[PDB]
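Before any comments, here is the structure.
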Amino acid sequence: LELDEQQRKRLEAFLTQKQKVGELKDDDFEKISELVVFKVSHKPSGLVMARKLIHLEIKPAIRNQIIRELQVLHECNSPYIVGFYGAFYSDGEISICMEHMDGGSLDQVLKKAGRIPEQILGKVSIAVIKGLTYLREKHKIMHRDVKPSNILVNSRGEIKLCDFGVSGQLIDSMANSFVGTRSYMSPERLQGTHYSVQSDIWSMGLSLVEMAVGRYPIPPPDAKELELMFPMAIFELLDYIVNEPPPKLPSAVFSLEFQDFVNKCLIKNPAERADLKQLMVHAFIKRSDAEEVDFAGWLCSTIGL
Amino acid sequence: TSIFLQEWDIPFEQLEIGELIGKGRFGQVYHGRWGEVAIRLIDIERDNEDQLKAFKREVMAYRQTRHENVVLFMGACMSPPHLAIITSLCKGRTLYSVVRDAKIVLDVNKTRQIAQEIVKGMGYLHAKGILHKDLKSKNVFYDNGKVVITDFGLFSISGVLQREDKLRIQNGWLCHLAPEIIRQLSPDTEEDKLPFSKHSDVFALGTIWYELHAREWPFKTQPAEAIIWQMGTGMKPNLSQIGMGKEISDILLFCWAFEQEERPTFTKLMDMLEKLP
Ligand SMILES: Nc1ncnc2c1ncn2[C@@H]1O[C@H](COP(=O)(O)OP(=O)(O)O)[C@@H](O)[C@H]1O
Ligand SMILES: Nc1ncnc2c1ncn2[C@@H]1O[C@H](COP(=O)(O)OP(=O)(O)O)[C@@H](O)[C@H]1O
Ligand SMILES: [Mg+2]
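Spelled out as structure tokens, the structure:
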């Protein structure tokens, strides 16, 4: 399903920049800025990368296993997934070095912009679907953590998925997790039952409504809050997700194709929820794919590059 | 506004601070000499100075504690911003390390006995009107048959939760929390005002009873959000999948009961544990 000329080019152009270093260590890097994840300057090679540091205190034998699990990132490469350069360990922090995306994450762009219009969100949907399809078909891996903060953009205009769960040991080796007020976990996952890419599809749908309407949609806003646009415990939210009807887009301001698309993503029964192949054939994405939108221009003009 | 060390019944002349014993969310815990002793240095700025006065009276409460199954609280000195809690030093290793040691058999009888010791100590603390608020295997020490409870009460003054709109969960914490507490958790919830109770402590012991036989925490597979929802609505594992009998599974069924009033007191629980084969 996937092929193109200019897309083939930049992968290899990346794979030329790939070999421009062989090994990485802390002093190779000079802190450029804070995005914990840092924009860094590499000195052995002129590439500017994003280096993420995860603070972990564990014995060497586990660390070497961790590195072998992360090495898989050198194998997965896609135009819809952020490229990986390498992962090293140093002084109590694991570094993950990857492609720097000049637009940041979709949560922080959404923070800057008021709402993201439907036509961009169509191209975002295609990229997420095809990225997730790649991992299923080529690597037998689910993402496990789709949300706006893990979809990155740049000024060239590519949008790619990051932070998925390649290493079971790294997940477990982390001492402490951070659960806040927004949750993108699917209902089936919250109840501890079997799950598949369907849970990633739920996460994409909920993310799309949030960005389209400008607010995390659980709990739904009241009548008067939807007009203005145009204190809840964590367990209350999670039980809302499991038991109340899923969020839906307002029916005035969005196309039927877009509303049906998110609706199919947010079906609570994962057997009835759309799968990756059905999304590929939905009217909304086929329509979106055949559209002339300067995504770079939209991004740069709203953010300021 | 201050707590001196001559307030205490343990005569104290000098105090040597040695090496760090381990990393921990609440203060630092150093080796010390008084006999050798364990010193926990914590820092509080001074804000909420009415909380330190309340802390002071709860500490003086600790002064009246002495029990073979409860670590010996020996003293506390407070010179704000610096606090120190000095307890006896526990030889051995923590129960968390013991049950995760492949080279150590934990027969059903041994687990019955370890549980019974913890129950005795917690029954004592309850009788004195003291809630532990953080019962777990890392806060129990086992040295060839000697079982001691540690760090009771600290959780109130602890501040281990502190990102913006995002609460910090440590790996083992959630599965020790009774549903009453789990349903309360929020990104600006604080330990000082969480609904801890004698029943919540019994729930935490229930978690330890699972851990003794599985040799791992419940909900090991699952992420934090899944654990919050499943435990909030009352879903709980059993031990049949490793072939444990009805008698020692009813223990969990009682201790983990969703309605607080169905959980036994520690004295009744001691009875129940006496009657296993
Ligand atoms: N490759 C990257 N390029 C640009 N920004 C990044 C990159 N990776 C992470 N970030 C930044 O890191 C932040 C996200 O934190 P992260 O460690 O990814 O966890 P989470 O995504 O769960 O918040 C966002 O502000 C995002 O802009
Ligand atoms: N009485 C004691 N004897 C020996 N070690 C102790 C004692 N009290 C605490 N420690 C150690 O100090 C460290 C800090 O423990 P604690 O403050 O209980 O944090 P945690 O509960 O997360 O381990 C732990 O490694 C623990 O084993
Ligand atoms: Mg402790």
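If you read the sequences in order, they're chains D and V.
With full-length UniProt numbering applied, the first sequence corresponds to residues 40 to 74, 81 to 275, 307 to 381, in that order.
With full-length UniProt numbering applied, the second sequence corresponds to residues 652 to 685, 687 to 814, 818 to 932, in that order.
We put the CB at the ideal spot given by N, CA and C, even for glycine.
Going by beta-carbon coordinates alone, are residue i and residue j separated by less than 8 Å?
| i | j | result |
| --- | --- | --- |
| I361/D | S170/D | yes |
| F275/D | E163/D | no |
| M187/D | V242/D | yes |
| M899/V | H868/V | yes |
| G727/V | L656/V | yes |
| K183/D | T378/D | no |
| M146/D | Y130/D | no |
| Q915/V | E835/V | yes |
| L924/V | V680/V | no |
| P322/D | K340/D | no |
| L787/V | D856/V | yes |
| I837/V | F311/D | yes |
| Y134/D | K192/D | no |
| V258/D | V338/D | no |
| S231/D | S244/D | yes |
Under a Cβ-count criterion, where at least 16 other Cβ atoms within 10 Å of its own Cβ denotes burial, should residue i be classed as buried or exposed?
| i | result |
| --- | --- |
| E819/V | exposed |
| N791/V | buried |
| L235/D | buried |
| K705/V | exposed |
| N109/D | exposed |
| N761/V | exposed |
| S731/V | exposed |
| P878/V | buried |
| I756/V | exposed |
| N195/D | buried |
| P346/D | buried |
| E233/D | buried |
| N721/V | buried |
| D699/V | exposed |
Does the beta carbon of residue i sit closer than 8 Å to a beta carbon anywhere in chain D?
| i | result |
| --- | --- |
| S841/V | yes |
| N761/V | no |
| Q825/V | yes |
| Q814/V | no |
| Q716/V | no |
| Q877/V | yes |
What in chain V is Cβ-close to residue i, meaning under 9 Å?
| i | result |
| --- | --- |
| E102/D | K674 |
| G210/D | Result: empty, since nearest Cβ-Cβ is about 10 Å, beyond 9 Å. |
Can you confirm whether residue i, when its beta carbon is compared against all beta carbons of chain V, has any partner nearer than 8 Å?
| i | result |
| --- | --- |
| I111/D | no |
| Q243/D | no |
| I126/D | no |
| residue 79/D | Because chain D is numbered 74 and then 81 with no intervening positions, residue 79/D cannot be located in this model. |
| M256/D | no |
| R201/D | no |
| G137/D | no |
| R108/D | no |
| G148/D | no |
| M249/D | no |
| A220/D | yes |
Run through chain C and tell me which residues come within less than 8 Å of residue i, C-beta to C-beta.
| i | result |
| --- | --- |
| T888/V | In summary, chain C is missing from the structure at hand, where the protein chains are D and V. |
Going along chain D, which residues have a C-beta under 8 Å from residue i?
| i | result |
| --- | --- |
| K821/V | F223, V224, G225, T226 |
| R818/V | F223, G225 |
| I836/V | Simply none; closest approach about 10 Å. |
Would you mind telling me which residues of chain V sit closer than 8 Å to residue i, beta carbon to beta carbon, in chain order?
| i | result |
| --- | --- |
| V318/D | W884 |
| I310/D | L822, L840, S841, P842, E880, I883 |
Just to make sure I have the definition right: I need the residues of chain D whose C-beta is within less than 9 Å of the C-beta of residue i. Which are they?
| i | result |
| --- | --- |
| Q896/V | By Cβ distance, chain D contributes nothing, its closest Cβ being about 15 Å from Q896/V, past 9 Å. |
Whose Cβ in chain V lies nearer than 7 Å to the Cβ of residue i?
| i | result |
| --- | --- |
| residue 403/D | Because chain D here runs from 40 to 381, residue 403/D falls outside it and cannot be looked at. |
| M230/D | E880 |
When the Cβ atoms of the segment 136-154 of chain D are set against those of the segment 347-359 of chain D, are three or more pairs found closer than 8 Å? no
I want to know whether the segment 794-802 of chain V touches the segment 819-830 of chain V - three or more CB-CB distances under 8 Å. no
Taking 8 Å as the threshold, find out whether the segment 874-886 of chain V comes into contact with the segment 215-226 of chain D through three or more Cβ pairs. yes
Using a Cβ distance threshold of 8 Å, determine whether the segment 656-665 of chain V contacts the segment 192-205 of chain D, with at least three qualifying pairs required. no
Pair every Cβ in the segment 88-99 of chain D with every Cβ in the segment 45-64 of chain D, then say whether three or more of these pairs are closer than 8 Å. yes
Hey, is the segment 363-381 of chain D in contact with the segment 315-330 of chain D, meaning 3+ C-beta pairs nearer than 8 Å? no
Does the segment 703-717 of chain V touch the segment 663-677 of chain V, meaning 3 or more C-beta pairs lie closer than 8 Å? no
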